[PDB]
Every structure is written in C-alpha cells, then in structure tokens.
Protein chains: 2
Amino acid sequence: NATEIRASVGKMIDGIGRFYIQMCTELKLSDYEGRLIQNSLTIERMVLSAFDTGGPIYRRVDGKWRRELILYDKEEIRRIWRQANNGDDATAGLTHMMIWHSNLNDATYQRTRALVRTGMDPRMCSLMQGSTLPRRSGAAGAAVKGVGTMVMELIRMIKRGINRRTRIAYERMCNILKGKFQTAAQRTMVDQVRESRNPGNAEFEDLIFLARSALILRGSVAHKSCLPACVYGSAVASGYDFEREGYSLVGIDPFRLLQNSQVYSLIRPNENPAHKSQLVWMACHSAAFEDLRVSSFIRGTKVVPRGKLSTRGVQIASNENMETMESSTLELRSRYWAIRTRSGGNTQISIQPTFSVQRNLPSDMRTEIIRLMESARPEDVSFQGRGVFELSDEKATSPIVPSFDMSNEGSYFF
Amino acid sequence: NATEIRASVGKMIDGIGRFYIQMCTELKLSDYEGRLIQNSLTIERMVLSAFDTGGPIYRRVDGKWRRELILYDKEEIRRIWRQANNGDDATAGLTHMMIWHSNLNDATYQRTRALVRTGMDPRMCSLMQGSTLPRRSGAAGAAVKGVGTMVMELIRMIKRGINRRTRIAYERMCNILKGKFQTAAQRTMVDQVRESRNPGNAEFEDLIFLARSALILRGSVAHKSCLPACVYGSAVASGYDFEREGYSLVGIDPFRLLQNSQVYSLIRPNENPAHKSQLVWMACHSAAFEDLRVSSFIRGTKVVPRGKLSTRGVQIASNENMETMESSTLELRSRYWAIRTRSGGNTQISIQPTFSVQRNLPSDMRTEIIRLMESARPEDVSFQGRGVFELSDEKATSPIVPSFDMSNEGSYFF
C-alpha cells in the first residue's frame, strides 16, 4: 500500500519544504545563503523550540561571511509553520527534524560522559542511537532508538526513584525495549525485569546485561534517512511535489534526492572539506554506528573513522570568528543505496484434573542468553541474500552483493 | 438457562455474605479483622456445628495479635443464619462452606493413615477428593467426591458389617460410585460388585481394583470453587448483589471475585507468605490433586509441591503463642482461568422361539479394564481443544492452549 504511507509522508515532507522556503523569504536570504546547512539548522531549531526564539544566521558579503544573531516571535514561527502545513500541526514534521538533528548528533559526538555516569560501559556506543532525541519525539521517533538508548533512561528514571502515573511509562518503556529484542530469552528476560514496582539494583544490574546481549544478539532498530530542511525546501521549490509523487525515509527516495542537492557548509580554516561532507552524509542516513566497510562501499569513497576525521562540529560556536572562516560545497552523493533496515540479524501416582484444558494427564534466563551469546561468531553472515542497489534501480528489482575481500580501513566509526 | 442455576446460586452466596457481615457486626470486629481468613474460618465452623459452640477469634491491638476464646448460643447462631437467608435453611449455603473446608483440607493435609488402615494404597491420593467432607453434605456435595473417596466408605461400612435400612445406602453409594466411571467395563464392573448383600473380601478386593483403574481411566468428578465466608461477606458488603447479577462455582465468577479480594492471614515466624497464599489459592479451586504444571500455568506463578511448601496449616493451634505471631496479605489473584471440569478424560440344530423379541433365529470384567488400562499412555492428551481463558474474557469466547515445553517443577503436589 503505496498510497497512505508513501504519499502521507510526502505531505509531511512538503510542509518542511514550503516552511523552509517561507522562512527563508523572511530572513531575506539568498539562494546560496539558503543552501547553507548552517542557516538551515538554525531555522530548524527555532521551530522545534517554538513548538516545545532566535539563533545564529550567517550572511554573505563581498568576500567574507557575516554572522547575524537574530530573534523571532516564538509564535510568529508557530504561525508560519502551520501556514505551510495547512494549519495542521504535523507533529511528524517537527519530529522529522527532531531526528535529523538526532542522527547528526549521534555522528558528530560520542556520548561517553553520560553512559558511565549512568553505569553503562562506554564501549556501548553502537546501542545509543537516539540518546539525544527528546522524549517529545513521536511513536515512530522512538522506533529509531537503540537498545542501549532505552536502558540509559529507565536506569535514570529508576536510579533517582529507587534512590504516580510514572508507572505506565516504565512498563511501556520496557515493552518497546522488549520489542527491540528478536529472540525468545531476550524477549522473556525483559518481562522478568518489568515485574518489579520499585525495581532496584536487581533490575539495574540485569538490564545492563541485556544491554550487552544486544552487542551480539542485536535487536530491531529502524533507521530513518532524514535530510536537513534546506534539502527539502530546495526540492519543494524545484517543483517536486512529494505528496503527489510519493517519498520514503528508508527507500531510494532519500538517496535520490541527495543526488542533486546543492548543500553548502561553513568550514573552519584547518578543516578538511572531504571530511566535512563525510560527517553530514553519515547523519543523513543514521550510519554513525554502521560498519565503516559497508558505509564506504555504498558511499563510493573512503568513510574515515571519527578519530581521523578532521572536524569538530558542523555548527559554529559564538567563540569563533568569521574573519578566518570560509565555506565548502558538501559532497552528499553516494555510489549505491540500500534498504535502511530495522533488523539486527540472527543465526502421588496420578493427577486428578481440575480444569478443562489440553493436558497430557500424568533457571536463570541469563544463562539462556549467555549460551546464545557464545555460539555467535563475528563472522556470522546477516541479511542473507540482501544487497545494494544501483541508483538507477528505482524498483527494488536487482540486488548486488558486496564482497569485502579488500584493503579496508576499520569497521568501528568510534 | 442462566436464570435458576446462575441466580439461585447467587442467592445462596448472598446468604453467606450477609450472614458473615452480621456475625462480624456481633463480634464487633474491624475491617482488617473481618478479612482475616482465620476469624472467617472460626465463624464458618461455628455455624456448621450449630446446624449439625465457640471458637478461636483473633483481635488486633497496637502492634500484636490477641487470640480470644469465645462461645455463642448454638441457637443464636442458627437464628442469625436464617435471618440472613430469609428464614430459610439454605442447606446449600452450609454445604458450600462444608466444601470450602473440604477443599482446604484436601490441600493442607495428606490422608495416608486412613487409606492404609482401610486397605487402600497410600499412593491413591488423587482419588481421595472430599474424604473429609461430612456425609451430611448434600447431593451436589458428593458429586465433588473422588472415586477413591467412595471406596474408603463402602470398605469401612462393609468391613465392620462383614466383620436394616443400611442397604439402600450401599446400592446408591455404588450408583454414585458407578456414575463416576465413564467407560463400559468400569460401569459394568461396579454392578457386579453391587450384587452381593453381604459383600465380603470378594468385593473388598474388587473395588480396590476399580480404585486403581481410575488412576488411568479416570472418572467424572466435579470441582467447585468455594471461597471463604469473608470473601463473600466482603463482596456482599461492597454492593455485589449476586442473586441479581448471577454467580458460578465453575465459571469465571469465582476467579473474578478473587481478583479483588483483600484476604489476610495469620502467619507463623518462620513461614513463607508466598507459600501461604499458594495453599489457600489451591483450596479455592480444588487444585490439590491437579497437575502442578497447569496449576502454575493458570496461577501465574510457581505452584510449589507440598513437601517444599513452608507451612503447617492455616488454622492456629491452642499450643502456639501470639507473641511470635504476625499476619500477611494473601495473594489469591490468578493469571488466567479455566472451566473447572468434571470429566476425567478418555482415549439341537434350530431354536424354537418362545418369546416375542427381535432375535436372529438360529469373562473377568477385570480383564476388560486391565486391557484398557494398558493401551493408556500418560502422554495421552485429554480435553482436546479445551483451553484457558483470559480474565477479561467474560464469555467463554476465545480459548487459549497451553504448551508445556518448559522448565517445569513437577506434576504431583504430593
């Protein structure tokens, strides 16, 4: 059913576009200045703030870039927004930029300080997908969350409490949690956790376990390709009428759109452009915890690890100066594309009867997992048969299987 | 026909309720003190005694529990009783508590001393359902009796005799007996027993056989969910008007009622509360000889075997002291519910004609059973298609089939 799903999400994309265009028309920015991922960001946040203000706005004068610090009627923003979405709220829309920000943050930064202070191992990076993503995020907003993400929450919710209506949250937060797991025990053990009203260190210690189980027996976590407002604004302005032509966040749509995007970015004096583009590209698909090998494969070019990456962050801090500042054109094109998945892969003498049921008449769930954990090899092939698609292959017709026998450059972005 | 059966039994339940309330109002007990299964018991027995006295009554003072030994006008009790039942006798009602006691005794105790002294094998536990149940019990009182229960009687009735009106008893006692069996031979062999006026060891030895046949080819024995007086008293007091809203002893009614009951119990210093609740719960449904697997399944939690059970009995003996005595809240809720059943499951050269009948004109019944006994496997599935119901599923609409592939904990409560 390509009617609702493909076209309803198109309508949410149109809104962001239209809005971005309106909002650019207010700031009286130029074309080059509306394609500046910097300005786009500022705008996106102005809005999410107002629906839950001012910001940094960079301008282009003969030669050099001028940063303007501006403020807008928090309500005016809310007004312009609905105007674009037909006076609707389109929470989806705000939630969308709510993720684009997430996916950018899960790639620009490593959130160790928080994991440890929670009592999670810093090496549990690949499980913190969407830790930055405000709780306000929607229902299809949490589906993008990593197993580890959920744990950091419950553990804090629990840690301060164990140190009214708050209950329905906890159970659900676990049901979601449990719905990440895709194996018997995994599933069952989550329940054994959800049993306690005042779950103390008993739970505190157990979920942490399950957190680590996902490092081997991963769960189902959706990935959403969420591009910057400017990209959708520009597209809408170019005529693309997505609600009519359909759009996806896990298909070929997002890659194709980025195959023509003209996004520019501010770049510090010593930073490497090629390195900058990489970053943004990984935020456009939630590839911050993907196997670098595959990311580079699909990308078309080296996908260098975070450490070797030359850049501190895409947003420009108030500290810096504009004199020594310039801007480059972001390389967001990719070689192939792939169905962003959700799956984590996997490899007396008689009895007197008292009830009417189908009945033959006559340990530690940890262990179960630990035993499963064991038989698992890192070489264990997942998504058997699934492949990569050419950018011409609009339909999911012909798949391509990658062979990694190659002089690679690592697998752990972090 | 949900009119008489469902509402007439409601009326008998109202009586017990109303009465319990009146009787609590006399003793001037508190709410917490009326919910004490202990006191409830005492009251129930005060009444059955008077209709065929005093008792132990526990009181709550700052901190500790005080046991009062009290006495009441045997007739006063009989007076208050009828007052509650509209001046009726409601034998059903007395018989009801007559069973609640039974079902509690068939689970708190193992009656081996008596079986052997009768000449029954001690391993015939699962057949002694209702051995404690006074003969005064009604007609729908004996239907709850196990096959083995009947045998212990006849054998004693016979044993002392073989060692006037007493005859009509014996034949009937067998007819009932026979009506337990649900197979040809079983049925027929009972008759071969009922033939002798002075049935000696001939019978003595044969019924014992049939007793053992039921271990394999079980009979039909009804199970009645009979809750303590307090539970009905409390319910009546809460507004539930059962005669109008209907009630059952083999439907969802009893489980639902126990889903809100606030029953408390006296508990000795070293005893395990969780273990205490289990006991009572098994007496509330005549699950003392049920397959532990299923009991736990429906229960929602482990249903531990009698040996591993930490408790000596719910009633407090005159021996004990109150100083070292405290009380817990009984866990009587269950996960699902099931239709308490009655069924035991199963898998010259010519002739000169002298009479006018449809006629083509031309060993040891033990063997028959022993042969049937044989083909029987413990794995033989019973109640094919019958399942368990959610506690929301008021109607018997959607059934649930349990799969016991699982790390269970036994099948024989004893």
# chains A, B, ... in the order shown; residues from 1 in each chain; ligands from 1

call {"tool": "closest_atom_pairs", "arguments": {"of": "chain B", "to": "chain A", "cutoff": "8 Å", "atoms": "only C-alpha atoms", "output": "JSON lines"}}
result
{"residue": "B:123", "atom": "CA", "partner": "A:348", "partner_atom": "CA", "distance": 5.0}
{"residue": "B:124", "atom": "CA", "partner": "A:348", "partner_atom": "CA", "distance": 6.6}
{"residue": "B:125", "atom": "CA", "partner": "A:348", "partner_atom": "CA", "distance": 5.7}
{"residue": "B:126", "atom": "CA", "partner": "A:352", "partner_atom": "CA", "distance": 5.3}
{"residue": "B:127", "atom": "CA", "partner": "A:352", "partner_atom": "CA", "distance": 7.1}
{"residue": "B:215", "atom": "CA", "partner": "A:350", "partner_atom": "CA", "distance": 5.6}
{"residue": "B:216", "atom": "CA", "partner": "A:350", "partner_atom": "CA", "distance": 7.5}
{"residue": "B:218", "atom": "CA", "partner": "A:352", "partner_atom": "CA", "distance": 7.9}
{"residue": "B:223", "atom": "CA", "partner": "A:354", "partner_atom": "CA", "distance": 6.2}
{"residue": "B:285", "atom": "CA", "partner": "A:354", "partner_atom": "CA", "distance": 7.8}
{"residue": "B:286", "atom": "CA", "partner": "A:354", "partner_atom": "CA", "distance": 6.8}
{"residue": "B:287", "atom": "CA", "partner": "A:354", "partner_atom": "CA", "distance": 6.0}
{"residue": "B:289", "atom": "CA", "partner": "A:352", "partner_atom": "CA", "distance": 5.1}
{"residue": "B:290", "atom": "CA", "partner": "A:353", "partner_atom": "CA", "distance": 5.2}
{"residue": "B:291", "atom": "CA", "partner": "A:351", "partner_atom": "CA", "distance": 5.6}
{"residue": "B:338", "atom": "CA", "partner": "A:355", "partner_atom": "CA", "distance": 5.7}
{"residue": "B:339", "atom": "CA", "partner": "A:356", "partner_atom": "CA", "distance": 5.5}
{"residue": "B:340", "atom": "CA", "partner": "A:355", "partner_atom": "CA", "distance": 4.4}
{"residue": "B:341", "atom": "CA", "partner": "A:355", "partner_atom": "CA", "distance": 5.1}
{"residue": "B:342", "atom": "CA", "partner": "A:354", "partner_atom": "CA", "distance": 7.5}
{"residue": "B:343", "atom": "CA", "partner": "A:353", "partner_atom": "CA", "distance": 7.9}
{"residue": "B:344", "atom": "CA", "partner": "A:353", "partner_atom": "CA", "distance": 6.5}
{"residue": "B:378", "atom": "CA", "partner": "A:362", "partner_atom": "CA", "distance": 4.8}
{"residue": "B:379", "atom": "CA", "partner": "A:360", "partner_atom": "CA", "distance": 4.8}
{"residue": "B:380", "atom": "CA", "partner": "A:360", "partner_atom": "CA", "distance": 5.2}
{"residue": "B:381", "atom": "CA", "partner": "A:360", "partner_atom": "CA", "distance": 4.2}
{"residue": "B:382", "atom": "CA", "partner": "A:359", "partner_atom": "CA", "distance": 5.5}
{"residue": "B:383", "atom": "CA", "partner": "A:358", "partner_atom": "CA", "distance": 5.1}
{"residue": "B:384", "atom": "CA", "partner": "A:358", "partner_atom": "CA", "distance": 5.2}
{"residue": "B:385", "atom": "CA", "partner": "A:358", "partner_atom": "CA", "distance": 6.1}
{"residue": "B:386", "atom": "CA", "partner": "A:357", "partner_atom": "CA", "distance": 4.5}
{"residue": "B:387", "atom": "CA", "partner": "A:357", "partner_atom": "CA", "distance": 4.3}
{"residue": "B:388", "atom": "CA", "partner": "A:357", "partner_atom": "CA", "distance": 6.4}
{"residue": "B:401", "atom": "CA", "partner": "A:358", "partner_atom": "CA", "distance": 6.5}
{"residue": "B:402", "atom": "CA", "partner": "A:358", "partner_atom": "CA", "distance": 7.1}
{"residue": "B:407", "atom": "CA", "partner": "A:363", "partner_atom": "CA", "distance": 7.6}
{"residue": "B:411", "atom": "CA", "partner": "A:351", "partner_atom": "CA", "distance": 7.4}
{"residue": "B:412", "atom": "CA", "partner": "A:348", "partner_atom": "CA", "distance": 5.9}
{"residue": "B:413", "atom": "CA", "partner": "A:348", "partner_atom": "CA", "distance": 7.6}
{"residue": "B:414", "atom": "CA", "partner": "A:348", "partner_atom": "CA", "distance": 5.3}

call {"tool": "write_last_selection", "arguments": {"atoms": "N, CA and C atoms", "output": "short mmCIF file (atom, residue, chain, number, x, y, z; two decimals), in the first residue's frame"}}
result
data_model
loop_
_atom_site.label_atom_id
_atom_site.label_comp_id
_atom_site.auth_asym_id
_atom_site.auth_seq_id
_atom_site.Cartn_x
_atom_site.Cartn_y
_atom_site.Cartn_z
N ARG B 123 -0.47 -44.27 47.88
CA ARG B 123 -0.32 -43.58 46.62
C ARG B 123 -1.61 -43.32 45.86
N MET B 124 -2.76 -43.48 46.51
CA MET B 124 -4.04 -43.21 45.85
C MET B 124 -4.62 -41.87 46.28
N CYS B 125 -3.72 -40.94 46.63
CA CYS B 125 -4.05 -39.53 46.96
C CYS B 125 -5.02 -38.85 46.03
N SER B 126 -4.74 -38.87 44.72
CA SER B 126 -5.55 -38.19 43.69
C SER B 126 -7.00 -38.68 43.52
N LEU B 127 -7.41 -39.61 44.38
CA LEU B 127 -8.70 -40.22 44.30
C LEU B 127 -9.42 -39.94 45.61
N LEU B 215 -7.03 -44.40 38.21
CA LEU B 215 -5.69 -43.82 38.16
C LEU B 215 -5.29 -43.72 36.73
N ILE B 216 -5.97 -44.46 35.87
CA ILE B 216 -5.61 -44.46 34.49
C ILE B 216 -6.81 -44.04 33.65
N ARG B 218 -9.84 -42.31 34.39
CA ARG B 218 -10.33 -41.53 35.50
C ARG B 218 -11.84 -41.50 35.33
N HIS B 223 -15.54 -30.24 40.29
CA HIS B 223 -14.74 -29.35 41.14
C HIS B 223 -15.51 -28.05 41.35
N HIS B 285 -9.88 -23.55 44.56
CA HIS B 285 -10.37 -24.23 43.39
C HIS B 285 -10.30 -25.80 43.38
N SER B 286 -9.95 -26.44 44.49
CA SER B 286 -9.90 -27.91 44.49
C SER B 286 -8.78 -28.31 43.49
N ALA B 287 -7.61 -27.67 43.66
CA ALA B 287 -6.47 -27.90 42.78
C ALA B 287 -5.44 -28.60 43.61
N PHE B 289 -4.95 -31.77 43.65
CA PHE B 289 -4.52 -33.00 43.03
C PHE B 289 -4.41 -32.68 41.58
N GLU B 290 -4.25 -31.40 41.25
CA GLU B 290 -4.18 -31.03 39.86
C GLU B 290 -2.71 -31.16 39.43
N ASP B 291 -2.44 -31.16 38.12
CA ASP B 291 -1.07 -31.23 37.65
C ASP B 291 -0.38 -29.90 37.95
N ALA B 338 -9.99 -21.16 34.09
CA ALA B 338 -10.38 -22.32 33.34
C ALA B 338 -11.68 -22.99 33.79
N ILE B 339 -12.45 -23.53 32.86
CA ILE B 339 -13.72 -24.08 33.28
C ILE B 339 -13.49 -25.25 34.25
N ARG B 340 -13.66 -25.08 35.56
CA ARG B 340 -13.42 -26.24 36.44
C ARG B 340 -14.28 -27.38 35.87
N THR B 341 -13.65 -28.49 35.40
CA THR B 341 -14.42 -29.62 34.81
C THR B 341 -14.83 -30.72 35.78
N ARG B 342 -15.49 -31.73 35.23
CA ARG B 342 -15.93 -32.90 35.98
C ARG B 342 -15.34 -34.17 35.39
N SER B 343 -15.29 -34.20 34.07
CA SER B 343 -14.66 -35.26 33.27
C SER B 343 -13.24 -35.68 33.66
N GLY B 344 -12.97 -36.98 33.69
CA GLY B 344 -11.61 -37.48 33.85
C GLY B 344 -10.80 -37.68 32.56
N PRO B 378 0.60 -42.00 29.60
CA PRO B 378 0.48 -40.82 30.41
C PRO B 378 0.49 -39.62 29.55
N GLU B 379 1.14 -39.72 28.39
CA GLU B 379 1.19 -38.61 27.41
C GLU B 379 -0.11 -38.37 26.66
N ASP B 380 -1.07 -39.29 26.84
CA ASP B 380 -2.39 -39.21 26.18
C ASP B 380 -3.13 -37.93 26.47
N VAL B 381 -3.28 -37.11 25.44
CA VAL B 381 -3.87 -35.79 25.56
C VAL B 381 -5.33 -35.88 25.95
N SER B 382 -5.77 -35.16 27.00
CA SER B 382 -7.22 -35.01 27.34
C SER B 382 -7.81 -33.59 27.10
N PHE B 383 -9.14 -33.47 27.17
CA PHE B 383 -9.80 -32.17 26.96
C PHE B 383 -9.28 -31.52 25.68
N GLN B 384 -9.24 -32.33 24.62
CA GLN B 384 -8.73 -31.88 23.32
C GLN B 384 -9.43 -30.57 22.91
N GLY B 385 -8.68 -29.56 22.48
CA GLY B 385 -9.32 -28.29 22.12
C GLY B 385 -9.68 -27.30 23.26
N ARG B 386 -10.00 -27.83 24.47
CA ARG B 386 -10.28 -27.01 25.67
C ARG B 386 -9.05 -26.24 26.04
N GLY B 387 -9.22 -24.99 26.47
CA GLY B 387 -8.08 -24.14 26.84
C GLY B 387 -8.33 -23.28 28.07
N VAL B 388 -7.57 -22.19 28.16
CA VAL B 388 -7.63 -21.34 29.36
C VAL B 388 -8.15 -20.02 28.89
N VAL B 401 -4.60 -22.31 24.30
CA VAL B 401 -4.00 -23.62 24.51
C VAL B 401 -2.57 -23.50 25.06
N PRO B 402 -2.32 -24.12 26.21
CA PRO B 402 -1.01 -24.09 26.83
C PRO B 402 -0.06 -25.11 26.27
N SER B 407 10.69 -25.46 31.56
CA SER B 407 11.40 -26.00 32.72
C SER B 407 10.40 -25.94 33.81
N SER B 411 4.67 -32.51 38.76
CA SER B 411 3.26 -32.59 38.45
C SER B 411 2.44 -33.06 39.65
N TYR B 412 3.06 -33.67 40.63
CA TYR B 412 2.35 -34.22 41.76
C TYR B 412 2.48 -33.38 43.04
N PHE B 413 1.51 -32.51 43.31
CA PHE B 413 1.53 -31.77 44.56
C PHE B 413 1.95 -32.62 45.76
N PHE B 414 1.66 -33.92 45.74
CA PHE B 414 2.02 -34.78 46.85
C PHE B 414 3.11 -35.85 46.53
#

call {"tool": "select_by_dssp", "arguments": {"residues": "segment 45-267 of chain B", "states": "strand (DSSP E or B)", "output": "list in words"}}
result
residues 54, 55, 56, 57, 58, 59, 60, 65, 66, 67, 68, 69, 70, 71, 264, 265, 266 and 267 of chain B

call {"tool": "residues_around", "arguments": {"residues": "segment 168-170 of chain B", "least_positions_apart": "2", "cutoff": "9 Å", "atoms": "only C-alpha atoms", "output": "list in words"}}
result
residues 154, 157, 158, 165, 166, 172, 173, 174, 175 and 194 of chain B

call {"tool": "closest_residue", "arguments": {"among": "A:189, A:27, A:48, A:227", "to": "residue 136 of chain A", "atoms": "only C-alpha atoms"}}
result
A:48

call {"tool": "closest_residue", "arguments": {"among": "A:201, A:85, A:53, A:213", "to": "residue 187 of chain A", "atoms": "only C-alpha atoms"}}
result
A:213

call {"tool": "select_by_dssp", "arguments": {"residues": "segment 42-214 of chain B", "states": "helix (DSSP H, G or I)", "output": "ChimeraX atom specification"}}
result
/B:42-50,74-84,91-108,112-118,122-127,139-142,147-162,166-180,184-194,201-213

call {"tool": "atom_distance", "arguments": {"atom1": "atom CA of residue 150 of chain A", "atom2": "atom CA of residue 177 of chain A"}}
result
6.4 Å
